[PDB]
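Here's a solo chain for you in structure tokens, the form deposited in one PDB entry.
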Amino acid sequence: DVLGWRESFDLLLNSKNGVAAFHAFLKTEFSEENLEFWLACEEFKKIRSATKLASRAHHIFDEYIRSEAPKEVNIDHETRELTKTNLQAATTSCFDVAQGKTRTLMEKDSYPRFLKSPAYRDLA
């Protein structure tokens, strides 16, 4: 299980202990919103009902995407505008670009540092 976390970021994100450990690592450097947003996108795509999709999409946008949002993720204006536009036309891949940018924010920086920290090394 712990081996999978370094073989694939996707395996780490599907692990109960992995996610908990990584969330704590991120919280100490004020970037846990990246992980919370990613996970929120994953549950969003499982929604079938049009009404729930609309409601959840608006909450996700207001909580993580719009300027000055409580847990605003570090995305450029280009992506924020794109997401809003997608929100305007109700598309299921509404958050794809934002999720991918946020994923890279983790995968190419905090993820590798997490693996080289006691939080991961002690569990290996």
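Just so we're on the same page, rigid core means the largest C-alpha set that superposes within 1.5 Å between forms. Residue positions are given as counts along the sequence shown, with the first one as 1.
Beyond the structure shown, there is the form solved in complex with a partner chain, which is absent from this document and is the topic of what follows.
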| query | finding |
| --- | --- |
| Position in contact with its partner chain when the complex is considered in the bound PDB entry, options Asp96, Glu72, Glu36, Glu42, heavy atoms within 4.5 Å | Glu72 |
| Touches its partner chain in the bound PDB entry: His77 (any heavy atom, 4.5 Å) | yes |
| Contact flag, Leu105 vs its partner chain in the bound PDB entry, heavy atom cut 4.5 Å | yes |
| Partner proximity in the bound PDB entry: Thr91 to its partner chain, non-hydrogen atom cutoff 4.5 Å | no |
| Partner proximity in the bound PDB entry: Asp10 to its partner chain, non-hydrogen atom cutoff 4.5 Å | no |
| Did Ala90 shift 2 Å or more between the shown form and the other one, C-alpha, core superposed | yes |
